[PDB]
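So this first bit is one chain, no partners, the form deposited in one PDB entry, shown in structure tokens.
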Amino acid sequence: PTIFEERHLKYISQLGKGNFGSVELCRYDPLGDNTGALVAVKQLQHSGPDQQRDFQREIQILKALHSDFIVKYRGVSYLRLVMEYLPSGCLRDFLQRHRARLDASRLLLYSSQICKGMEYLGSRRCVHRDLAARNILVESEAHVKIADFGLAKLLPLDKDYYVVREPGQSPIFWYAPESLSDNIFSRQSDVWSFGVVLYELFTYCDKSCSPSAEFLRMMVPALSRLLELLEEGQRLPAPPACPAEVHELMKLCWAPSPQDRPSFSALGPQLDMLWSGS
């Protein structure tokens, strides 16, 4: 169905928290015999008008999204958002656990898939606003999908950037400088963040060389310091054993001015080529 009755959705466990919402593992069990399919169900835990309306927009964004590389909308219940459940979890944990199996080629396959999904999102005029390996899900050994559209905004036809009034609440190390300074978000700031996702992929989300840990190594409010470092042209170093051509792609995504960063549609072919030569 595209409309699920709540009485048929049976709670199993919590999948995650964040942005005043929660994602739960539920079984859709209209027969009530534990034979129904599993689904991920997002609900708000706050009745305030601003976040209800936000959550409604999130449901409409995802509903209108159709891509092998984007978590699938399944329907709603009335208040709750019903999505496909991916038991393999987020790519961040997947990379940490299967490190020894996943070679460079594989990482480049994941990279190309995220890029393809972001190119599509771009065409819908959708800014994701929170790209990070924690928000990428694993469909299979050779298939990933972008998720968490809790902060995603649709760009008006007349603008190509979005300005957020309140400060961001995500780890600061995935933010573009223009986001840090002016809360400007666009498809090009998504490109910046995708640079960090590339870094996460090629460090297999290892905690010791995380964006977090590397900043503390490079060393006043942390946010200002981060802006300073990036202003000087300090960047994250090549992940250990990273192919040079991949690191250069990262640095391109980390171009100080948004209009100097490659598009996802330009990034895509490069990744596919690197993957075919690995």
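Superpose the two forms; the largest set of C-alphas matching within 1.5 Å is the rigid core. Each residue number is its position in the shown sequence, starting from 1.
- Modelling of residue 165 is missing from a third or more of the other compared entries in which both of its neighbours are modelled.
- Where coordinates are absent for parts of the deposited sequence, a chain break appears; between neighbours residue 241 and residue 242 there is no such break.
- Mean CA temperature factor is higher for 46-54 when stretches 245-253 and 46-54 are set side by side in the entry.
- As listed in the deposited structure, the average C-alpha B-factor of 162-170 and of 133-141 is greater for 162-170.
- Across 70, 223, 59, 39, the greatest Cα temperature factor reported in the deposited entry is at 223.
- In this entry, the residue among 191, 157, 146, 108 with the greatest C-alpha B factor is 157.
- Per-chain ranking of the deposited C-alpha B factor places residue 76 in the middle third.
- In the PDB entry, a CA B factor belonging to the highest third of its chain's modelled residues is recorded for residue 101.
- Per the deposited record, the Cα B-factor of residue 66 falls in the lowest third when ranked against the other modelled residues of its chain.
- In the deposited entry, the Cα temperature factor of residue 217 sits in the top third of values across the chain's modelled residues.
Same protein, other form: the form deposited in another entry, not shown, and the subject of what follows.
- Core-based superposition between the shown form and the other one leaves all of 56, 234, 35, 212 but one with CA shifts under 2 Å; the exception is 35.
- In this overlay on the rigid core, residue 66 has a C-alpha that sits less than 2 Å away from its partner position between the shown form and the other one.
- A displacement of 2 angstroms or greater separates the C-alpha positions of residue 46 between the shown form and the other one, with the rigid core held in common.
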